[PDB]
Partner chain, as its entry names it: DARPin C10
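One chain comes next, on its own, written out as structure tokens in the form solved without the partner chain.
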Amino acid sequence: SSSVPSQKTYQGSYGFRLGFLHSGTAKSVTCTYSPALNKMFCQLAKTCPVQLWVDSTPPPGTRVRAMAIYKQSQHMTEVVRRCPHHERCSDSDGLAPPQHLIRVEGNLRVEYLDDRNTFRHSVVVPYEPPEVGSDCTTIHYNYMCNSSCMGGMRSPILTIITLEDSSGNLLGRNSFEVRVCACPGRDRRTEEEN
């Protein structure tokens, strides 16, 4: 079945929002977020911290899902996946399917889904409330193809983050645009000038 995943931001009843590190745009930066563009700029396979902020702690058994989609165009119905150079290369972590663009690092409770109905790829982790004295929870995502690998790239790629309960009920949704590139700090600077 076709699908056009919702992009609609929805804090819901726990006040679910995203946060990113304020990393600036030095040469050395591997991952930087633009508030102005609502856009991440990261390197392939590198760490991208994404914070989850909540006004009320959701119940035990809550889960966090990420899915990439093409934001717009004739590509809206196209499942985002890795290119052949990257799909068929030597880089499995033993947990991620080789086609999945998005991975989570450093979590042995990560789970990967090819949807049996829509064929969309997604990655889920358990929601862990922040440690006492911490304000948010952080997930380290890794993006496993560059923006240049993507065939719809008539279209930006959007990461959609959803909070869901143990039964799959949606509690919250947020999203940001994502560029996988050689020089995140330079491309952000450049894109904001534009």
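Positions refer to the first chain, counted from 1.
A.B. asks: Can you say how many deposited residues have no coordinates in the span between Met153 and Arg154, choosing none, 1 to 3, 4 to 9, or 10 or more?
C.D. replies: The entry leaves 1 to 3 residues without coordinates here.
A.B. asks: Hey, which bit's got the bigger mean C-alpha B factor in the entry, 20-28 or 168-176?
C.D. replies: Per the PDB record, 20-28.
A.B. asks: Higher average CA B factor in the deposited record is what I'm after, so tell me if that's 59-67 or 129-137.
C.D. replies: The stretch with the larger mean CA B-factor is 129-137.
A.B. asks: Based on the PDB record, which member of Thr159, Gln43, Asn38, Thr162 exhibits the highest Cα temperature factor?
C.D. replies: Answer, based on the entry's C-alpha B-factors: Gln43.
A.B. asks: Maximum C-alpha temperature factor per the entry, among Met76, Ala96, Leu113, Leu101, belongs to which one?
C.D. replies: The record points to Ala96.
A.B. asks: Split the chain's modelled residues into thirds by Cα B-factor; is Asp187 in the lowest, middle or highest one?
C.D. replies: Lowest third, going by the recorded CA B-factors of the chain.
A.B. asks: When the deposited Cα B-factors of this chain's modelled residues are ordered and cut into thirds, is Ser6 in the lowest, the middle or the highest one?
C.D. replies: Ranked within chain, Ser6 CA B lands in the middle tercile.
A.B. asks: State the tercile, meaning the lowest, middle or highest third, of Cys48 with respect to the CA B-factors recorded for its chain.
C.D. replies: According to the entry, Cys48 has a C-alpha B-factor in the chain's middle third.
A.B. asks: Among the modelled residues of its chain, does the C-alpha B-factor of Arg120 lie in the lowest, middle or highest third?
C.D. replies: Its C-alpha B-factor, which the entry lists for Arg120, ranks in the middle third among residues of this chain.
Although not depicted, the form solved in complex with the partner chain is the subject of the following passage.
A.B. asks: Quick one: is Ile157 in contact with the partner chain in the deposited bound form, heavy atoms, 4.5 Å cut-off?
C.D. replies: Residue-level check for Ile157: no, no contact with the partner chain.
A.B. asks: Is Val54 near the partner chain? Define near as a heavy atom within 4.5 Å, in the deposited bound form.
C.D. replies: Yes, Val54 is a contact residue.
A.B. asks: Does any residue in 170-194 get within 4.5 Å of the partner chain in the deposited bound form, counting heavy atoms only, and if so which ones?
C.D. replies: Contacts from 170-194: just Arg188.
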